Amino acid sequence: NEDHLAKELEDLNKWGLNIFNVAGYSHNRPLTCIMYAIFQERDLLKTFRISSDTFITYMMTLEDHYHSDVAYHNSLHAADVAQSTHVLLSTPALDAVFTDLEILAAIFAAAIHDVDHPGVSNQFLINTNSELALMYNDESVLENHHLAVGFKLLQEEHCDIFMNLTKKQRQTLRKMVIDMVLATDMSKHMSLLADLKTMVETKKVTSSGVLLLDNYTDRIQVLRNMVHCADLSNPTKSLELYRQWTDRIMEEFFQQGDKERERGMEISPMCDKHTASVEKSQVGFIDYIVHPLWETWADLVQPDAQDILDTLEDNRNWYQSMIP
């Protein structure tokens, strides 16, 4: 088992590490397992003076706060987004661009970004007058909640993985994590993409092909988009992995649609299992959301995302060919 897990972790720094296999070989603790691996790999425990005890205590508690009975927004998804963010941070076009604190913040944001997800959408929470929608005035309702839970868990006994950060680093990391988790709210997608396109249109690059990100606004705009890209990365993975993600999201969608139907509500797009095409839903998702984003990211970091973008396009056309 340990040999199988070690073999899978040979792909720790690669797009398309098989996180499903990691879950299997870690007795369904993919988030704790992959986060420990990532933090060891980047020397983050040493740099930020985090004991293994504190880190594994926090991570196990965080993972326990992902719901195992939701089909998609469980800790496997979190583990995938964290590992994908870890890969994106090391894209050669971003060499030496981000600080250690920014790296830490992004990976942490990815790990916590869907914690305590109920397996329904923001629109569902708003339209059912949820306590969470009330608390956050319908504004990034889930994403605010994920932040609330992920941060509060830091206050549990032996859980404050940021204890040895400086005061300013703690404040700045909090702000950055907030920015990156809120950037996973799909209501912010068009704004984020507009800003990414602006950065591409005005990009500055060194002689070595590395992006120049002078001011803090540009830096956080790239990091926000990076975590959003990782969140939206399933269609950019090898087809055998993408198909497993699609199976999981459609299970979660159909379950929400059943709740909507039983409440006498209008069923959300793609959530009616008696009429929904899984394949049409994926092609629309890619055409309207994922491909505009990832093509723009690819342009920002060219040529480093070329195989990722080609895989996305190939998967899109494969799904389109499977439409009934």
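So that there is no doubt, residue numbering starts at 1 and follows the sequence shown. Here the rigid core means the biggest group of C-alpha atoms that line up within 1.5 Å when the two forms are laid on top of each other.
- Displacement analysis by core superposition in 8 other deposited structures of this protein ranks 264-272 above the other of 264-272 and 251-259 in root-mean-square C-alpha distance from the shown form.
- Here 86-94 and 123-131 are scored by the root mean square distance of their C-alpha atoms in 8 other deposited structures of this protein, with each structure fitted by the rigid core; the higher score goes to 123-131.
- The deposited model assigns a higher average Cα B-factor to 159-167 than to the other stretch when 159-167 and 144-152 are compared.
- According to the PDB record, 250-258 carries the higher mean C-alpha B-factor of the two stretches 229-237 and 250-258.
- Considering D185, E201, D138, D179 together, the PDB entry gives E201 the largest C-alpha B factor.
- The maximum CA B-factor among the listed residues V81, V120, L223, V205, taken from the PDB record, is found at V205.
- For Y242, the recorded CA B-factor ranks within the lowest third of the chain. Only modelled residues enter the ranking.
- Ranked by C-alpha B-factor against the other modelled residues of its chain, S75 falls in the lowest third.
- Sort the chain's modelled residues by C-alpha temperature factor and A109 lands in the lowest third, per the entry.
- The entry lists a Cα temperature factor for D195 that places it in the highest third of the chain's modelled residues.
- In the PDB entry, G264 places in the highest third of its chain by CA B-factor.
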